[PDB]
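Only one chain is shown below, in C-alpha cells, and it's the form deposited in one PDB entry.
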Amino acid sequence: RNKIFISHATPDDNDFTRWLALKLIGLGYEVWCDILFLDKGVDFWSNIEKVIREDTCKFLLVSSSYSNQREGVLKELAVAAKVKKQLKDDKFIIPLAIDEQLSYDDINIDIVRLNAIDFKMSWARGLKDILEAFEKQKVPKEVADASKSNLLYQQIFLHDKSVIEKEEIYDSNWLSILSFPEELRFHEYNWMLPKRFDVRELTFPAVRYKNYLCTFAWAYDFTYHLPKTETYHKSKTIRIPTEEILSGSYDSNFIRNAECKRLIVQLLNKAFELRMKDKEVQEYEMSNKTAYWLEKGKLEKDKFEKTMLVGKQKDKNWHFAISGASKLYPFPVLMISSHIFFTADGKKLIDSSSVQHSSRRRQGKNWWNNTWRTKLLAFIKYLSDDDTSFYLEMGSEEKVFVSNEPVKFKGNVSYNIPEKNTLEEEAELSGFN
C-alpha cells in the first residue's frame, strides 16, 4: 500500500491535484486520483473504492469551498473514514486546507477534528509539511525520479495537443504570371530623349538604362510627348528574347543577366501601377510601393462575391486593400500584401498614419485566417478582366497576363481545429507583453 490518494472537487480543483500528484510522483510518492486516468471505464467508482480500501496508504483531501459541497468528495471521504476505522490509524486522513474562504464551521463535520496541513500561505510550505509528516508516519517512497513524472505529464496533458501527420493546402499571396512579351527592346534614342525628362510619367513603362531605353513597348508605341521618335530607325534597336533572359542562358557583355532581371522587375511594378489606374480602385501611398483599395458604395452592399470587402468599424469605415510587387526567382509572380485602410466616410482617406496603424491592428485582431484569405481572393478576382487572369499593359500589342488565383502550398503535418476559444479569450486585450 503506497498510493497517496487524493479527493477533490473536479473540475474546481484539477490544477492543484495535477500539481501535487506530479510533485509526489517525481519525489517518489506514488499517487492516485481521478485525473491521470483519462481512460475511464464504465464503472470508475468501483475502481476508486477498491483503490481506497486496498491500495491507498494515505488519504489527502483537497479542502475547498466546493470540495465539501460536491457529493463525490463526500462519498470518497466516507469510504476513507471507513477504511481508517478498519485500520485504526490516527492520521490516515489529512485535510489540505487550500482555500481561504472555507470557514472553520463550514468544514465538513467528518474532518473538523482532523488537523489540516496548510496551503493558504504557500503551496511549497504545505508540501514541506506533507513531506515531513510522510517521513514521520514512515510513508513509503521510491528513490527520487523526475523522468516518470515527465512521461506521465506528457501522456496526460499533452496527448491531444501534439501535431498530427495530416496534409493541409494553403493559399499564398503570390499570384502567378502566365505569359511575357516575346522580346525586350533597348531603343537607341540617344538625343531623342529630352534632357531631364522623367520617363516615369509615360503611357507605358520605360527605364532609361545607360543611354538607351529599355522596355517591352515598340519603338513608335509612344508619340504624344516624343514626336521626333517618328523618325527613329528600328535597325539600331536591340532585341533580347525575354524567355532567354528569364531562363538565364542569355550571356552578353552589353548587360548582365542580373541587371536585365532587375529591369524586368521594375517594368512589372510600373505596369501594375499603371494598370490599377484603369480599374475603379482607389490609391493609397505606402512607404515605397502603392496600395489600392475600394471606396464605399462602389459594390452592391460592399459584398462583392458575397464577401465583405468594405465595412464599418465604430465611427470609421474599413476597406480591404492590396499592394503589388514583382518577383522572378524562383518563378515569376506578383506579391500581394493585404491592408486595411480606414476612412472617415468611405471616399476620403485619414491623413494621420498612427490612427491608420492602430485601427489596422485592431481590425486584424478581429479577423483571422478565413477572413484574410477570403478578402484577398475576392479583391484579386475583382481586379480580374476575365475568368482566368488580368493583363498589364506594356505596349500597344504586348501585355503581361497575371493570374488571379494564388499559388498553392502544401504541408505534410498538421493539427486539429478546436472551438474558437482563442477568439473568446484574446478578444479585447492589448499591451500585455
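Think of the rigid core as the biggest set of C-alphas that the two forms share within 1.5 Å after superposition. Note that residue numbering begins at 1 and tracks the sequence as displayed.
We do not show the form deposited in another entry, though everything after this point is about it.
Quiz item: Once you line up the core, how about residue 335: does its CA shift reach 2 Å between this form and the one not shown?
Solution: No, the C-alpha position differs by under 2 Å between this form and the one not shown.
Quiz item: Would you say residue 376 moves its Cα by 2 Å or more between this form and the one not shown, aligning on the core?
Solution: Shift of 2 Å or more: no.
Quiz item: Do you see a C-alpha shift of 2 Å or more at residue 29 between this form and the one not shown, with the core held fixed?
Solution: Yes, residue 29 moves 2 Å or more.
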